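When the letters of the sequence shown are read in order and numbered with the deposited numbering, they come out as residues 35 to 111, 127 to 301. Where is the CB? At the ideal position from N, CA and C, for every residue including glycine. Only one structure is covered here, and it is reproduced in the block below.
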Amino acid sequence: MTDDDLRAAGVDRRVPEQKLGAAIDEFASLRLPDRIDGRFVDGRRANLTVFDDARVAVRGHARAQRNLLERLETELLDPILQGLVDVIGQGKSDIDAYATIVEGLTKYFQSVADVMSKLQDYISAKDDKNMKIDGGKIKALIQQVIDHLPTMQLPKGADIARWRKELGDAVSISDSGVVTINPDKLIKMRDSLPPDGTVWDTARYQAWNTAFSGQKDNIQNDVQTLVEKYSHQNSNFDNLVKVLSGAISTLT
Numbered sequence: 035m036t037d038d039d040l041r042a043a044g045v046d047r048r049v050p051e052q053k054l055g056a057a058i059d060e061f062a063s064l065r066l067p068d069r070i071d072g073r074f075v076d077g078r079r080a081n082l083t084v085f086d087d088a089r090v091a092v093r094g095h096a097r098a099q100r101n102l103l104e105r106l107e108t109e110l111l127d128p129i130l131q132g133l134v135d136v137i138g139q140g141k142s143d144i145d146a147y148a149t150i151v152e153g154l155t156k157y158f159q160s161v162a163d164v165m166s167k168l169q170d171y172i173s174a175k176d177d178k179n180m181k182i183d184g185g186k187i188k189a190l191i192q193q194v195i196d197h198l199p200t201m202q203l204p205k206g207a208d209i210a211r212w213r214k215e216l217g218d219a220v221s222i223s224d225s226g227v228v229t230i231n232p233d234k235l236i237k238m239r240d241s242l243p244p245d246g247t248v249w250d251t252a253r254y255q256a257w258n259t260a261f262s263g264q265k266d267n268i269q270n271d272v273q274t275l276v277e278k279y280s281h282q283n284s285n286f287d288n289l290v291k292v293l294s295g296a297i298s299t300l301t
C-alpha cells in the first residue's frame with residue numbers, strides 16, 4: 035500500500051496535522067496589551083473557530099482510520130493471522146486514545162486562548178505612562194477555566210503505566226484511566242494577578258507581562274509536544290496499514 039493508496043482510502047494525516055498547527059499558530063499570535071514609546075498598543079485576540087476546526091479534523095481522521103483498519107481486518111479473516134489480529138487490536142486502542150486525548154487538549158488550548166483575549170478588556174492605559182489592570186476580574190476568568198478543565202477517559206484495558214510515560218508531565222492519569230490536565234500553569238497565571246483597580250507603571254506591568262506570557266508560552270510547548278506525539282502516532286498507523294495490507298496481498 036502506498037501513501038496515495040492511504041489517501042484514496044480516506045486517510046490523510048496531513049489534514050488534522052495542518053489544522054492543529056494552525057491552532058498553535060493562532061495561539062502564539064495572541065498578545066497582551068503593552069506600551070511602545072508611551073503609546074498604549076492594543077493586544078491581539080484569537081479566532082476561536084481555528085480550534086474548533088482542529089478538533090473536527092482530529093475526530094474525522096480517527097473515524098477514517100477505524101474504517102480502514104476495520105475493512106483491512108475483515109478482509110484478512127495460523128500464526129501470522131493471530132499476531133496480526135493482536136496488532137490490529139492495539140492499533141485500534143491507540144486510535145481512540147490519541148483522538149480522545151488530543152480533542153481534550155485542544156479544548157483546553159482553546160479555553161486559554163479565550164481568557165487571553167477576553168482578559169484584554171480589563172487592561173487599559175491610564176496616565177501618559179501607566180497601566181490599569183483589573184486583576185480580580187481576570188483572576189475570576191482564569192479560575193473558571195481551571196474549574197471546567199476537560200477530562201479524558203482512556204479506552205477499556207489500556208496500559209495506564211505506558212500512557213503515563215507517553216503523555217508526559219503536562220498531564221496525569223488515574224488508575225481508572227482518566228487523563229487530566231495539570232492546572233500548574235493556569236495556577237501560576239492566576240496567582241500572579243493583582244487586585245481590581247490596580248494601576249502599574251510601565252516597568253512594573255512589563256515585568257508581569259513577561260512572567261504571564263512566559264506561562265502562556267509554556268502551555269504552548271506542552272500542546273506542541275503532545276501534537277508531535279499525536280502526529281507520530283498517525284505515522285505509526287500508516288505503517289501498520291501498509292504492513293498488514295502487504296500481508297493481505299501476500300496471503301493472496
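Suppose the cutoff is 7 Å on Cβ atoms and the five residues either side in sequence are ignored; what does the same chain contact list for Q159 look like?
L82 and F85
Cβ pair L275, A207 closer than 8 Å
no
Roughly how many angstroms lie between the CA atoms of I191 and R239, to the nearest whole one?
6 Å
Using a 10 Å radius around the Cβ and a threshold of 16 neighbouring Cβ atoms, would you call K175 buried or exposed?
It counts as exposed.
For the region 140 to 155 and the region 69 to 83, state whether three or more C-beta atom pairs, one from each stretch, are separated by less than 8 Å.
no
Under 8 Å between C-beta atoms, does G132 make it to chain D?
Among the chains of the structure shown, chain D does not appear; only one protein chain is present.
Taking just the CA atoms, how far does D250 sit from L242?
15 Å
Roughly how many angstroms separate the alpha carbons of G217 and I58, rounded to a whole number?
Straight-line Cα distance between these residues: approximately 19 Å.
Excluding the 5 residues preceding and the 5 following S294 in the sequence, name in chain order all residues of the same chain whose CB lies nearer than 8 Å to its CB.
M35, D39 and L106
Would you mind sorting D183 into buried or exposed? The rule is 16 or more other CB atoms within 10 Å of its CB.
buried
For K234, which of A252, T200 and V194 has the nearest alpha-carbon?
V194
CA nearest to the CA of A43, picked from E104, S262 and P232
Checking every option, the nearest Cα to that of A43 belongs to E104.
Going by the beta-carbon positions, is the gap between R93 and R78 smaller than 8 Å?
no
Would you give the residue range spanned by the alpha helix (DSSP H) that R97 belongs to?
Under the DSSP assignment, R97 falls in the alpha helix (DSSP H) whose first and last residues are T83 to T108.
Reduced DSSP category for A189 - H, G, I as helix; E, B as strand; rest coil
helix
Going residue by residue through the region 206 to 278, where are the continuous alpha helix (DSSP H) segments of at least 4 residues, counting only ones entirely within it?
Annotation note: the region 206 to 278 contains the following uninterrupted alpha helix (DSSP H) runs of length 4 or greater, listed N- to C-terminal: 209 to 216 and 233 to 239.
Can you tell me where the alpha helix (DSSP H) with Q52 in it begins and where it stops?
Unbroken alpha helix (DSSP H) run through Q52: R48 to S63.
Suppose you measure from the CA of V292 to the CA of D46; what does that come to, to the nearest Å?
If you take the alpha carbons of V292 and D46, they lie about 17 Å apart.
Can you tell me which of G246, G132 and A148 puts its alpha carbon nearest to the alpha carbon of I172?
Among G246, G132 and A148, the Cα nearest to that of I172 is on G246.
Rounded to whole angstroms, what's the CA-CA distance from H95 to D68? Just pull it up for me.
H95 and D68 have their C-alpha atoms roughly 40 Å apart.
Measure the CB-CB distance between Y279 and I230 and report whether it falls below 8 Å.
no
Rounding to the nearest angstrom, what Cα-Cα distance links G55 and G140 in this structure?
Rounded to the nearest angstrom, the two C-alpha atoms are 24 Å apart.
Write down the C-beta distance between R89 and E152 rounded to the nearest angstrom, noting that I regard them as a contact closer than 8 Å.
5 Å
Which stretch, first to last residue, makes up the beta strand (DSSP E) that contains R69?
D68 to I70
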